[PDB]
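Student: Everything below, folded, please.
(2 chains, ligands or ions: 4)
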There are 2 protein chains.
Amino acid sequence: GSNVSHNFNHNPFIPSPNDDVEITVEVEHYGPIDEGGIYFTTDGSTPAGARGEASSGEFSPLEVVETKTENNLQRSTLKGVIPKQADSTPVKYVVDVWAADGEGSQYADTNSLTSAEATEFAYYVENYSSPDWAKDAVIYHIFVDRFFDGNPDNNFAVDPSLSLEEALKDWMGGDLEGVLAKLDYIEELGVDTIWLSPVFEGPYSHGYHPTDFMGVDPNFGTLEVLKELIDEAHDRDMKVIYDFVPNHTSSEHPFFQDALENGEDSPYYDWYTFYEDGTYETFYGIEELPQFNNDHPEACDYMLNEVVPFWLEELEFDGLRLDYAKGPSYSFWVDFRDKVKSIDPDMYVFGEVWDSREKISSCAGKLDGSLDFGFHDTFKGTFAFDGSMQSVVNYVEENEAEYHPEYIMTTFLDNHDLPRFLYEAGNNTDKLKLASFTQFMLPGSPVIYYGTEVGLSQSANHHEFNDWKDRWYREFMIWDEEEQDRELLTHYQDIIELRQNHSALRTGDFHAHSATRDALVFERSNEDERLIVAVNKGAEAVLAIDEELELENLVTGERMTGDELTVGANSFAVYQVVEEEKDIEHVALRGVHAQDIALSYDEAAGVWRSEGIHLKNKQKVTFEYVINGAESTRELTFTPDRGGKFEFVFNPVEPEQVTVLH
Amino acid sequence: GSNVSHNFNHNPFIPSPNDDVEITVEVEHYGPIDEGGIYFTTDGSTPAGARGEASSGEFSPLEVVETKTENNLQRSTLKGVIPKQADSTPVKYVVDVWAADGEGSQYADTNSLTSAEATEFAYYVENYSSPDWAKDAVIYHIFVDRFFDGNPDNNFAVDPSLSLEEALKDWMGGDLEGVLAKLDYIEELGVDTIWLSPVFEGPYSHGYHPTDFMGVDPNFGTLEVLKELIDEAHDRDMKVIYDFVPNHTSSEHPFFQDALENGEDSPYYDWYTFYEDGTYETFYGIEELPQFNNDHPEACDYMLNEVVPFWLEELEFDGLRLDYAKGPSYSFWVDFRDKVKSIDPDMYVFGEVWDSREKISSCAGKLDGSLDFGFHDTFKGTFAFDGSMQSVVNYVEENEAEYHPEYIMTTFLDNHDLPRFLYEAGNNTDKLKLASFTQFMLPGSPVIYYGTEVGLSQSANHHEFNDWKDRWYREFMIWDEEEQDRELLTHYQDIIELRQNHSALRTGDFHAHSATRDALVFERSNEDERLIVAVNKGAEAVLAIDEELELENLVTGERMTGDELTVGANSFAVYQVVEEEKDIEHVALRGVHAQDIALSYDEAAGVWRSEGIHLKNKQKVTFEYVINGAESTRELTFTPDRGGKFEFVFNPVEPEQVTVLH
Ligand SMILES: [Ca+2]
Ligand SMILES: [Ca+2]
Ligand SMILES: [Ca+2]
Ligand SMILES: [Ca+2]
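Tutor: Numbers count the residues shown, from 1 in each chain, chains lettered A, B, ... in the order given. Ligands and ions are numbered 1, 2, ... in the order given. Right below this line is the structure:
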């Protein structure tokens, strides 16, 4: 009948408990369409409605703002708002568009005629924030089966008669008891967070084919060993993150087998997406990986009210890494965030999203962050494939301009699914020293694949193989200190101690000064210190610094006053500038009332806030923040669509952020 | 399993009988994909194949040209070529991509696992050409029920007791006998082509709900009256075009009723797209307009081997206007062109495509042209809604850069579906004089809605209504010479006699000199004459001509030597420049061999051709055409992917066209 298209286009994509949410819908129709409607919910119930009559939830109308006729087809634009909701509230809504004095309705995105087969949109109403510990976190991503074998008695599926090509895709015996033993070495490395490979009872050594969402495979140990590991890692002030697989199970899961035999008389038939011809929804056509239907009400309750608290509340994990966060819906992640952030708002929830950064942005407001694949892709091509250092800068610059400031991009060089950096760099550890150094001097949360610090690479070429190319990314950790690259280990320990002792290197603004191919200098702003980083992977060259200032090589406690500097060949260093920068003492507000309004500092947060100013609706305000009667923030703007007593907040780390928070 | 995407991306989109056709396929996959394949056909049979084994047709492989891994997903590019085919050949092909040493296959665009549910691509192998008479054609689009009532005895469904609001959407009595009577008036207007509204036996007076594809509704007359009309219009050297409805029937069609009752035991059950729950494919949700399934083999044979020859061969129509050409597939139109162009290659086949010009371009090679909706949209907003004359120039310029030179864009101001121009221009006939003049001085084939020349407009406002807003675009033709706008008629007759007596105004190059808002001057190049057109819909102004040359107002046989000219207010004129331009006498070819190769003229066509030069495959040639040892075509390029003895052709109307035709 037409083409209703909403596509999650709600105006405040990350809504506060104050602002209303404007829903804009584009419709391409032949016959008439006159008005639509929103049928949104506040509890966890599924929303439904039709032609202005809501079945479960409240109603809000869609009204034609713009319309015309282009190439004999009529193009109208419908708009409506969802009323503001309280903090920590999951809003699910469905959208339809019909014609007054007509027969029927048509829903959003799916163009369905009924609410049941329509797209279910959702967002989470909350002052969006990520755990502050996750911003400063340095993560040691370990593959449990390939780390250490602290107990050979748990190696039930290990066949020692296998060759390396045959054992690397099978079980090798790494267990959670080994992570307990080598916990001193992990702590000596300097990391403050441990990311554990999946430990589900599955038929494969990687654990991504769960046959029990709430059970540890005996090949890795027991829950008590896991509880002992997490508790011992907690007594060292380290955090533990679990690699969580919510999208799919294996065909061997008791739920899938019971549904595969009993059919519709099975309690788990609707827990998967079975089709009317025997086919079922799967993960990329893998018949052994049926997609777990998290959009089913009784299955979404099992994942959220049974499985997730088992790992976060019972086993006391500190966070979850979500395998294939694209699988489940946004309406599931909105429910997921309300569940995990009600247990503890300091529980790190970041996902593995195989998509561009313009689509990873849609996960903001639901997840605390994601894995920076753009970091991976634009670091191999630069440091391992000899690229331009601009693609490094062109990556950092576009992260600031696209991602929400609270979104945490976890950066990495290797994966259990991607080739090792050392092997892609020809085992030239000088390039890995540059990448690991540049990473720990760039914004984000660095992740260290378990073997990288000792030179663990690939014992074979992956291009020579098929299907199981990922054998050689999951080789066993080397502990023989003769076979280890102790120079690389002492390098990783030193680049960690620097980042862990300089807040500007973790949560500081980024600014590039000069950069050529195989040459880059940049700075890391803050409010307590500044730093200058210089990295070159080619010949020696000179790069032009903006200002002129004395420096201090943090490694070799020297100094250097100059306007330029000659970065060495295949060398790198980070310099700390020395500035008696007068800290913030007074912040005023110029542009709202007749005279400047002096703000008051909040020591709990790090912001300056106004007192309580009334504003008229849709009134285009225009103002700025002055600093100690000297410099001033460039002019801002804001429209208070609903209410009056709105408050002005000034975060000096994000000064241009128009955060007129009620 | 992946995302195979071909999207009709064959390199020669309009293939000659000489060039091979390169098929490029983009695949976004997780697991491996190593090779694909093309399964193309030459006859009318449906193509099918799997994993290199073709079921109906020949096989051509798809090989990975490029590949990488981006954001943990692998992106490969498959390529293969379809061998060159003879002239007048319909190539249908299907495309799949699989993994060697894998299990199964996956097909193009639909991502289906079988060939039956895959996208069926097609193109037509032919030296693409549109009927030369259709390029110069001036069309008089009449709505048969609203023209003249030459026989009141055929008004079976006319209810004289109805009001105008109720009769304008019902039957009024216009018949083909009236078109016979008023044929002198149509010929006096000057048009050389008549476009007839649909005459199918349907339940509505517009005829777009056919209940008999090969039957004339008695409310319009008989076949003999239609045969008499077409024959009488032929004896006056006029052409007749039929408005053809191939996409859908009405629910009252005997085929649909028999299938609606007998079900799968009906011979026409597969002739529509019935769904397994009682729903059926329809035209924009209209349950009374079920979509006729032209992709069914037995239905495509009924349309092409029974219905189309009934109108083009039996009733001896000169062409078909195709209602909603987007409905049927491209694989249907490839069959459709092979059928109508085998009856007579001088049969005009142009379609009604409700889409952007970048998508109307895909109909080139299958249809002779289309209706220029961009002309309509960007002429109401300019001449009836007071816009910029640049949007007129920005429309003509983008037609040259996007459309194939043989594609014929039929321009119009009104439709039976769009509001009248006079009513959108506030009955200000001075604006309609400007639009009708500017139209007949612009490239394309002008179409005249039946009432426009006598000031026929709308007796009511369409915004006041719903569903049947198109009553007021289909009002009855006025014949009382007092109620007619004879000034507008004498205007249309004069702007026709000019275009019909100046070949540069029909098939001549377009060049804009100066243009402001409500002001425009341009020229129309050719090889026998040049013209200058000046149009202003605002106040008087002066526009800067490029060169300086004397002119001649074709209306008032005056002259004017100057470098600029002052176009009047709400006035317009077309001037013919006077130039003793030495015609083409010698054309040589500089760049292929060591010395210039003199070309020979072909009087049958209008081109200069080479003699027969051998070329190596993929050899980047670079050459030009010199004219009478004076000016030269700017350097061209060409690669002969297959063969040797290729010939060079020079069309002086399209000189930059690299037509190295074998
Ligand atoms: Ca996975
Ligand atoms: Ca695998
Ligand atoms: Ca129609
Ligand atoms: Ca209608």
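Student: and the residue of the stretch 251-400 of chain A found nearest chain B, what is it in contact with?
Tutor: Relative to chain B, the nearest point of the stretch 251-400 of chain A is residue A:285 (3.0 Å; CB to the nearest CB). C-betas here are computed from N, CA, C, even on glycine. The contact partners of residue A:285, taken as CB atoms under 8 Å, 6 or more residues apart in numbering or on different chains, are B:1-2, B:31, B:104, B:106.
Student: The nearest residue to residue A:97 once chain neighbours are set aside: what secondary structure?
Tutor: Spatial nearest neighbour of residue A:97, chain neighbours left out: residue A:36 (3.7 Å); criterion: CB to CB, 6 or more residues apart in numbering or on different chains. Per DSSP: H, G, I helix; E, B strand; the rest coil, the secondary structure class of residue A:36 is strand.
Student: now swap in residue A:487 and tell me
Tutor: helix.
Student: neighbours of the residue nearest to residue A:97, just the number please.
Tutor: Using other CB atoms under 10 Å in any protein chain shown, residue A:36 has 30 other residues around it.
Student: Thought residue A:100 was touching it, still the case?
Tutor: No: the pair residue A:36 / residue A:100 is not scored as a contact, 10.4 Å apart, by CB atoms under 8 Å.
Student: Please check the contacts of residue A:285 and keep the buried ones.
Tutor: In the contacts of residue A:285, burial by neighbour count holds for B:1-2, B:106, counting by 16 or more other CB atoms under 10 Å in any protein chain shown.
Student: can you give me the helices for the stretch 51-200 of chain A?
Tutor: Counting by DSSP state H, counting those that start in this stretch, the segments of the stretch 51-200 of chain A that form helices are A:132-135, A:164-167, A:176-181, A:183-189.
Student: Take the ones you listed and write them to TSV, including distance to chain B.
Tutor: Output for those, formatted as TSV (distance: least, CB to the nearest CB, whole Å):
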stretch	distance to chain B
helix A:132-135	22
helix A:164-167	16
helix A:176-181	25
helix A:183-189	26
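Student: So which of these is nearest residue B:159?
Tutor: Of all these, it is helix A:132-135 that lies closest to residue B:159, at 76.5 Å by CB to CB.
Student: what's that closest one packed up against?
Tutor: strand A:348-351 (3 or more CB pairs under 8 Å, 6 or more residues apart in numbering or on different chains; DSSP states H and E).
Student: Buried by neighbour count: which residues of the helix or strand that the strand it packs on is followed by qualify?
Tutor: Using DSSP states H and E, the helix or strand that directly follows strand A:348-351 along the chain is helix A:357-360. Going by neighbour count (16+ other CB under 10 Å), the buried part of helix A:357-360 is A:357, A:360.
Student: What parts of chain A come near chain B?
Tutor: A:1-2, A:29-32, A:69-73, A:101, A:104, A:106, A:284-286, A:352-356, A:373-374, A:377, A:415, A:417-418, A:466-467 (CB under 8 Å from any CB of the partner chain).
Student: Return the subset of these lying in strands.
Tutor: Using DSSP state E, the members of those that fall within strands are A:29, A:69-70, A:73, A:106, A:286.
Student: between these, which is closest to chain B?
Tutor: Checking those against chain B with CB to the nearest CB, the nearest one is residue A:73 at 5.1 Å.
Student: May I ask you to confirm that that closest one is in contact with residue A:28?
Tutor: Yes: between residue A:73 and residue A:28 there is a contact under CB under 8 Å: 5.9 Å.
Student: on that earlier part again, buried subset of the residues of chain A next to chain B as a ChimeraX selection?
Tutor: Per 16+ other CB under 10 Å, the buried members of the residues of chain A next to chain B correspond to this ChimeraX selection:
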select /A:1,2,29,30,32,69,71,72,73,106,285,286,352,353,354,355,373,374,377,415,418
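Student: Now do the same for residue A:563: helix, strand or coil?
Tutor: For residue A:563, the assignment made with three-state DSSP gives strand.
Student: Dump the contacts of residue A:285 into TSV; add distance to chain A as well.
Tutor: Below are those laid out as TSV (distance: CB to the nearest CB, whole Å):
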residue	distance to chain A
B:1	3
B:2	7
B:31	6
B:104	8
B:106	8
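Student: wait, is residue A:227 part of a helix?
Tutor: Yes: under three-state DSSP, residue A:227 sits within a helix.
Student: need the contact list for it.
Tutor: By CB under 8 Å, 6+ apart, residue A:227 lies in contact with A:315-316.
Student: got it, and residue A:288?
Tutor: So residue A:288 contacts A:209, A:250-251 (CB under 8 Å, 6+ apart).
Student: again, only using 10 Å
Tutor: By CB atoms under 10 Å, 6 or more residues apart in numbering or on different chains, the contact set of residue A:288 is A:203-204, A:209, A:248-252, A:256, A:282.
Student: now residue A:535
Tutor: Taking CB under 10 Å, 6+ apart, one finds A:383, A:389, A:392, A:434-435, A:437-438, A:441, A:515, A:518-522, A:567-568, A:570-574 in contact with residue A:535.
Student: which SSE is the closest residue to it other than its chain neighbours in?
Tutor: Using CB to CB, 6+ apart and skipping residues adjacent in sequence, the residue nearest residue A:535 is residue A:572, 4.4 Å away. Here residue A:572 sits within strand A:571-576, counting by DSSP H and E.
Student: now swap in residue A:515 and tell me
Tutor: Assessed by DSSP H and E, residue A:515 sits inside strand A:510-516.
Student: which residues are contacting that strand?
Tutor: Residues contacting strand A:510-516 (CB under 10 Å, 6+ apart): A:388-390, A:392-394, A:396-397, A:399-400, A:441-443, A:504, A:520-525, A:530, A:532-536, A:538, A:541-547, A:564-565, A:567.
Student: Would you map the strands across the stretch 151-300 of chain A?
Tutor: A:193-196, A:239-244, A:282-283, A:286-290 (DSSP state E, counting those that start in this stretch).
Student: closest one to residue B:273 among the ones you listed?
Tutor: Residue B:273 lies closest to strand A:282-283 among the strands of the stretch 151-300 of chain A, at 27.6 Å (CB to CB).
Student: centre of the chain versus the closest one, how much separation?
Tutor: How far strand A:282-283 lies from its chain's middle: 23 Å, per CA atoms, centre = their mean, to the nearest Å.
Student: Restricting to C-alpha, output stretch A:138-152 in PDB.
Tutor: Extracted in PDB, the C-alpha atoms of stretch A:138-152 (Å, rounded to 0.1, in the frame of the first residue of the first chain):
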ATOM      1  CA  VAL A 138      43.700  -2.100  30.400                       C
ATOM      2  CA  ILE A 139      42.300  -5.500  29.500                       C
ATOM      3  CA  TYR A 140      44.200  -8.900  29.100                       C
ATOM      4  CA  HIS A 141      42.000 -10.900  26.700                       C
ATOM      5  CA  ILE A 142      42.900 -14.600  27.300                       C
ATOM      6  CA  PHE A 143      41.700 -17.700  25.400                       C
ATOM      7  CA  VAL A 144      41.100 -20.000  28.300                       C
ATOM      8  CA  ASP A 145      41.900 -23.300  26.500                       C
ATOM      9  CA  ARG A 146      45.300 -21.900  25.300                       C
ATOM     10  CA  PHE A 147      46.600 -20.000  28.300                       C
ATOM     11  CA  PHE A 148      47.800 -22.500  31.000                       C
ATOM     12  CA  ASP A 149      47.000 -26.000  32.000                       C
ATOM     13  CA  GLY A 150      46.800 -25.800  35.800                       C
ATOM     14  CA  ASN A 151      45.000 -29.200  36.100                       C
ATOM     15  CA  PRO A 152      45.600 -32.000  33.600                       C
END
